[PDB]
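Heads up, the chain below is alone and in the form deposited in one PDB entry; it's given as structure tokens.
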């Protein structure tokens, strides 16, 4: 059977927290007043929610309202508990209130309003300095939630809100997030295809916070190389082949051999043999202003097959890539 795995950091955060901290099924929601919020316009719809801009008529301030779609009360209470546990943490979206929507018959989560700059306008404009600055801001959120025993499991551009005017960033949509318990097997059907870590794509269930660091590396690669998404697979099998054409097949076999994983035999006709590539091959005249030796070394240390070998969030914040970023 598969070789077990543990996070190399924050391994026992939840074992030493009180049970109420991670036992989200027993959480008792404290409901606010549903008429406090006047919906203004629909911002978006996803598979699990619809999001609206609203006015909190009690303090005359803008908020956003996330009306959850019908899903098992455990995933709803899981998200609520995680948001309450993380509230006040650096660059974590702030849950302001929870109300019962009378039409959907589900909870509506009320969040702080972030004046989000257009995500397409954003990445086409980000300077080298901006990319380093916002990556550091994302790392603050990830180190915080990891230090709190939680993995996000859905890091991707759509879940990073940036108000570029005020240089303000928030990590949102904690609906896939989970508590990390050593030895626990987790669902591999998490994250968007282009950001799925190798552990998900080879069906290795005993993963940890380091999943988020692969996803972060995929975002970084897309930003500094101006290729969206970077690993552009047609399905979850082709996604791993795309990764293997860059990281190479010998290190993929080393990875699965370390954990006693076998590839789906359907890979026999599609995977091939591939050398590991050097990151410089992706540099060209239209992205070179975003690339530096430090950027490539940082990216290289995030994008490892072996989840145990990736930089942790705190280690990433120590990387020379961020030396140029002005610290508060």
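Here the rigid core means the biggest group of C-alpha atoms that line up within 1.5 Å when the two forms are laid on top of each other. Positions refer to the first chain, counted from 1.
If you average the C-alpha B-factors over 147 to 155 and over 94 to 102, the higher value belongs to 94 to 102. Averaged over their C-alpha atoms, the temperature factors of 118 to 126 and 251 to 259 are higher for 118 to 126. Out of 173, 178, 165, 212, the entry records its largest CA B-factor for 165. In this structure the maximum Cα B-factor among 140, 81, 234, 132 is found at 234. In this PDB entry, the Cα temperature factor of residue 278 sits in the middle third of its chain's modelled residues.
Per-chain ranking of the deposited C-alpha B factor places residue 301 in the lowest third. Ranked by Cα temperature factor within the chain, residue 109 sits in the middle third according to the deposited record. Placement of the Cα temperature factor of residue 77 within the chain: highest third of the modelled residues, per the deposited record. Residue-level temperature factors show residue 229 in the highest third of its chain, judged at the C-alpha atom.
Although not depicted, the form solved in complex with a partner chain is the subject of the following passage.
Residue-level contacts in the deposited bound form: of 208, 137, 154, 143, one residue has a heavy atom within 4.5 Å of its partner chain, and it is 154. When its partner chain is considered in the deposited bound form, only one residue from 164, 113, 75, 258 comes within 4.5 Å through any heavy atom, namely 75.
Using a 4.5 Å cut-off to its partner chain in the deposited bound form, not one of 4, 245 and 310 places a heavy atom inside that distance. With the partner left out here, its partner chain still marks one of 211 to 219, 173 to 181, 248 to 256, 127 to 135 in the deposited bound form; by a 4.5 Å heavy atom cut-off that stretch is 173 to 181. The closest heavy atom approach of residue 168 to its partner chain in the deposited bound form falls outside 4.5 Å. The closest heavy atom approach of residue 202 to its partner chain in the deposited bound form falls outside 4.5 Å.
Taking the partner from the other structure, its partner chain in the deposited bound form has a heavy atom within 4.5 Å of a heavy atom of residue 190.
Contact annotation for residue 300: none of its heavy atoms lies within 4.5 Å of its partner chain in the deposited bound form. Here the two forms are overlaid on the core, and between this form and the one not shown the C-alpha of 268 is the only one among 288, 60, 26, 268 to shift by 2 Å or more. Residue 105 shows a C-alpha shift of 2 Å or greater between this form and the one not shown [criterion: core-superposed Cα displacement of 2 Å]. Put simply, residue 306 and residue 268 come closer in the deposited bound form: their C-alpha atoms are 3 Å or more nearer than in the form shown.
The pair residue 207 and residue 268 is at least 3 angstroms closer at the CA level in the deposited bound form than in the present model.
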